[PDB]
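# following this: a sequence and the matching experimental structure.
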Amino acid sequence: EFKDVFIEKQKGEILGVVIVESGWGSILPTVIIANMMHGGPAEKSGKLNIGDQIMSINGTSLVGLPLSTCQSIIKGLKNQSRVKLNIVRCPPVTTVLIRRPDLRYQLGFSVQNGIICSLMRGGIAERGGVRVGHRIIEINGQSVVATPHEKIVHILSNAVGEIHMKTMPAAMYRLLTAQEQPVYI
């Protein structure tokens, strides 16, 4: 879904995101957010997330031009105070329903601030929706996307009953190859 992304930041803080050629169905030939610094103005704001395609940046329509050109477009506005980007947010949100009969019951997973790493095969956390690679966000109405790992674990540790949360897509997993970080605009 189309959505204007206003990232208010300082000069020399580009934005902190990685874009690639939209190889999807090609609904709108633009660049896809294949990666993100996860700390800079992009993550700080929360508007820019992985799995979204930027159509235009501050008037510069990326729709039509290749990736190399698109990257240069954003890279150009590195020393600005505001980053305007009309992008289409397409982040797959999974509903994690983790039922807990008692407080001494283990959900079966590990949460690290905003991303999931560990997961028990055939557990409650896995049964609900949680998946290794996702990005937990709205847990029972509480946004933990920018919350410490200890805090998130606490809620679930004392959330007996039926833990209902949402999970977005985290950074792209590159199996093993590709040690160097991609172009960050």
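Noted; the coordinates are in hand. Numbers count the residues shown, from 1 in each chain.

# ok, and for stretch 177-185, which residues are buried?
Within stretch 177-185, the residues that qualify as buried by neighbour count (16 or more other CB atoms under 10 Å) are 184-185. For every residue, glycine as well, the C-beta is placed using N, CA and C.

# what's the answer for stretch 151-167, then?
Those would be 152-153, 155-156, 159, 163-167, for stretch 151-167 by 16+ other CB under 10 Å.

# got a list of contacts for it?
The contact list for stretch 151-167, computed with CB atoms under 8 Å, 6 or more residues apart in numbering, reads 93-103, 105, 107, 111, 113, 116, 125, 128-131, 134-140, 142, 144.

# how near is residue 2 to residue 114?
24 Å (CB to CB, to the nearest Å).

# those two: who's more crowded?
Using other CB atoms under 10 Å as the criterion, residue 2 and residue 114 rank with residue 114 on top: 22 against 10.

# can you list the domains in this structure?
1-89, 90-170 (curated CATH domains).

# how far away from the center of its chain is stretch 81-99?
6 Å (CA atoms, centre = their mean, to the nearest Å).

# mind listing the strands the longest strand belonging to the chain pairs with, and their directions?
In the chain, with assignment by DSSP state E, the single longest strand is strand 161-169. Here strand 161-169 has these sheet partners by DSSP bridges: strand 94-100 (antiparallel), strand 134-139 (antiparallel).

# out of these, deepest packed?
Per residue and on average, the most neighbours among the strands paired with strand 161-169 fall to strand 134-139, with a mean of 22 (mean count of other CB atoms under 10 Å).

# what residues does that strand touch?
For strand 134-139, contacts defined as CB under 8 Å, 6+ apart pick out 93-94, 96, 111, 114-116, 130, 143-145, 152, 155-156, 163-170.

# I figured residue 19 hits residue 34, correct?
Yes - shown here, residue 19 and residue 34 form a contact pair, counting by CB atoms under 8 Å, at 6.6 Å.

# of those two, which one has the most company?
Between residue 19 and residue 34, counted using other CB under 10 Å, the more crowded position is residue 19 (27 against 17).

# how about the strands in the chain?
Counting by DSSP E, the strands of the chain are 2-8, 17-21, 31-36, 53-57, 60-61, 82-88, 94-100, 109-112, 115-119, 134-139, 142-143, 161-169.

# against which helices or strands is the third one packed?
Meaning strand 31-36. strand 17-21, strand 53-57, helix 67-76 (3 or more CB pairs under 8 Å, 6 or more residues apart in numbering; DSSP states H and E).

# if anything else comes up later, I'll come back, but that's it for now.
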